[PDB]
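Right, one structure below, let's go through it.
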Amino acid sequence: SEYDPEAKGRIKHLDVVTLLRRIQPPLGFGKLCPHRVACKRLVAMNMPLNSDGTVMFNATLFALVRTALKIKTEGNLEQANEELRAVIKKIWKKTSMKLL
Amino acid sequence: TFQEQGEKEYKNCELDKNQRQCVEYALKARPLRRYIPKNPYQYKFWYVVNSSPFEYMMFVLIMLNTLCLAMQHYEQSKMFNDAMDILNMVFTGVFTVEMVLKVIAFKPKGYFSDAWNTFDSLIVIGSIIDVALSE
């Protein structure tokens, strides 16, 4: 919300590098060069197939949550969706975009 | 007896106790409002209001009022009492000045968004109602 006057749902991908750099080392990236870890990590990890500069906040906070703990390999992404839909409380049709 | 039974939920099929709250908070969340107007002819005042050194000075200026209040004692002198009065006048005046300088930048329409933001306005309003009954 620092760069966003209101929620607006989505932000541009140009400022994503600065957004990921402006996070604490425990949550974001270490003090080392982001060209080796951040660039490869953002591409390798699963991200929703949205437009060039419209990515929702729930499409990024969920990705960070997944990366923080028990990150799973590609292809088995539906197991996490099943776990949320069967263990966590009601999704209220909010995981439709979060599936990808 | 509440640490066990209290958190006696057995839904931890795959997720540990750390995931019992973070996933739920991720599911239920909403970005806040920053309220950033460009407005070039008052953008300078807007930047001055919302700046780290300004608040770093506000803290040490507000705590001075409380340090002044924690100085009155029984059967104090008349000159000390008058100094207390003039310090109170200075403090209420500077609070009014800061409030009127802030409301221009943050606008009256968003002035009620933050609980502490509009609360200080009542403090200034209250501090001025009894300004003429002292003398």
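Details
- Pair-distance distribution P(r) for the stretch B:31-135, from all Cα-Cα distances in 10 Å bins starting at 0: 12, 38, 30, 14, 5, 1 percent.
- Separation of alpha-carbon centers, the stretch B:1-61 and the stretch A:1-30, rounded to whole Å: 14
- Note on B:28-35: average number of Cβ atoms from other chains within 10 Å of each residue's Cβ is 5.
- Number of partner chain Cβ atoms within 10 Å, mean per residue of A:61-69: 3
- When chain A is treated as a Gaussian network with alpha carbon springs shorter than 10 Å, the biggest mean-square fluctuation among A:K72, A:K12, A:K31 belongs to A:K31.
- Partner chain coverage, peptide B:7-13 - average Cβ within 10 angstrom: 1
- Rounded if a/c under 1.5, otherwise prolate or oblate - the stretch A:1-67, Cα gyration tensor axes: prolate
- Evaluating 6.51 cos²θ - 1.76 cosθ + 1.60 at θ = phi - 60° for every residue in the stretch B:35-40, the Karplus couplings come out as 6, 10, x, 6, 6, x Hz, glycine and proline recorded as x.
- In the elastic network of chain B, a GNM with C-alpha springs shorter than 10 Å, the most mobile of B:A26, B:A115, B:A83 is B:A26.
Read-outs throughout are calculated quantities, based only on the coordinates presented, and are distinct from any laboratory measurement. Cβ sites come from the backbone with ideal geometry, for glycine too, and all protein chains shown count toward neighbours.
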